[PDB]
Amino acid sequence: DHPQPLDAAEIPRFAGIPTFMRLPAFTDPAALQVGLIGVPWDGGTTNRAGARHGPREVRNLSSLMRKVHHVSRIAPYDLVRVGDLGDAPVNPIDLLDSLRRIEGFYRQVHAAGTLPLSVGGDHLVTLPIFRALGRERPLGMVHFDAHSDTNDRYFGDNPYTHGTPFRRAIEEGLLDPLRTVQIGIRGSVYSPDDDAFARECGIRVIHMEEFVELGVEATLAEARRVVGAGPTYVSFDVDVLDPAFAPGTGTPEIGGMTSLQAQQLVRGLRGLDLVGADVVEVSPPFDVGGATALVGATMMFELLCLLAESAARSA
């Protein structure tokens, strides 16, 4: 009697109210083992905004997802209870207020023992999530991104942008930098002083160039080595992908990962102790016929299958 998506043999995929994976909507985190949550918030965006619309369009395109993973044969909704937990509370005018409200929501989700699978929103959304999930013990992370997002300040003394969240997370003791690995980093930078913080912290950084030199299998091996057997969060910024696969994103950088490579890397994360995940920076105003929304919905499903297994083991 787990929640199940609308039956596509009966209700065609273009029909029905568009919730994540066409699952039932829930308001109580305790009703679920994995909560699918939107965080429609782009207050942290320094360049092209629009990620506030990401969760709606990912919900929409997630109608194309089916019940069973074709490689792993994981059937997430049979394994555990999955539901659309709605959207976190957000304030488009007041960044500090949104940070507070978002964390408060995730504290409730966490207190119910529910694993969050979240759709942004820009990458600043991951900070208040980590504030909830990393409050008692620090998290490890596999982070897919064109950017490290460990900047310090923007336009004066503003410590909170989509480019600072993991620096903040490390400073706040929420993210363990030795169990952090970043994959796909590329594109022009401000100074040769960017990798300073990463080196100081011991973060493993696999730039696009090194990802290409290693190939998928060896990259994966290095990633799993870094995070080991500890509590691990997966954060997927769609701008890790080449703009050809993910045009709808605020800060594109050419020469990126393919959707195929992203699926292979995420699938190889199976078995880890995964305590949450997100798919961020889908930006519908820059998207093309919902391409990036569909990439987001699909990576969300790939991640759901793995979180279902973790939630199943801990139960």
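Start at 1 with the first residue shown and count on from there.
Asks: Highest mean C-alpha temperature factor of the two stretches 138-146 and 212-220, which is it?
Replies: Taking the mean B-factor of the alpha carbons in each, 212-220 is higher.
Asks: Looking at the deposited entry, does 66-74 or 46-54 carry the larger mean Cα B-factor?
Replies: 66-74 has the higher mean C-alpha B-factor.
Asks: Which is it among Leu174, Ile183, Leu241, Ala198: the one with the largest CA B-factor in the entry?
Replies: Comparing C-alpha B-factors across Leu174, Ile183, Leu241, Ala198, the top value belongs to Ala198.
Asks: Choose from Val34, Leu272, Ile254, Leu61 the residue with the greatest Cα B-factor as stated in the PDB record.
Replies: Each of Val34, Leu272, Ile254, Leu61 was compared by C-alpha B-factor; the highest is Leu272.
Asks: Could you look up the Cα B-factor of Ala30 in the entry and say which third of the chain it sits in: lowest, middle or highest?
Replies: Highest third.
Asks: Please rank the C-alpha B-factors of the chain's modelled residues and tell me whether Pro192 sits in the lowest, middle or highest third.
Replies: As the PDB entry reports it, the C-alpha B-factor of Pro192 lands in the highest third of its chain.
Asks: Taking the entry's C-alpha B-factors for this chain, is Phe20 in the lowest, middle or highest third?
Replies: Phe20: CA B-factor falls in the middle third of its chain.
Asks: With respect to C-alpha B-factor, does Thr114 fall in the lowest, middle or highest third of the chain as deposited?
Replies: Its C-alpha B-factor, which the entry lists for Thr114, ranks in the middle third among residues of this chain.
Asks: How does the C-alpha B factor of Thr126 compare with the rest of the chain: lowest, middle or highest third?
Replies: Within its chain, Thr126 is a lowest-third residue by C-alpha B-factor, going by the deposited values.
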